[PDB]
């Protein structure tokens, strides 16, 4: 699959609740929800190597990874972590996260490309799942 493109959000489900059960305070939840309501997502894929940039009104996050190789990023609530992506299937990658310092809920994310070119993201903390769906610009 080729995930490359500039992606715009079309659906978001359970994001604030994911932040809440993580302990993110209400002021910050409100800012984070609003800031991320129309994010800019840029993906550049070259085989198993990815660059992903996500920008909200107030924040930019950039990650660089190759499938099967550990890299550093942050969890959804901003804690630094060591991550590892694998292909679950031809069209779907899954990322397991391990905190750099300390302990916390089990967090992960997934990205899946559908036949009509939609991008599905999931983000999980323990038993709480958030789903977002994007389309190419």
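Numbering follows the first chain given and starts at 1.
Inset, instruction - Could you check which stretch, 99-107 or 59-67, carries the larger mean CA temperature factor in the entry? - result: It is 99-107.
Legend entry - Stretch with the higher entry mean CA B-factor, where the candidates are 112-120 and 17-25: Looking at the recorded C-alpha B-factors, 17-25 comes out higher on average.
Inset, instruction - Check where residue 82 lands among this chain's C-alpha B-factors and tell me if it's the lowest, middle or highest third. - result: Its C-alpha B-factor, which the entry lists for residue 82, ranks in the middle third among residues of this chain.
Legend entry - Chain thirds of CA B-factor: placement of residue 44: Middle third of the chain for residue 44's C-alpha B-factor.
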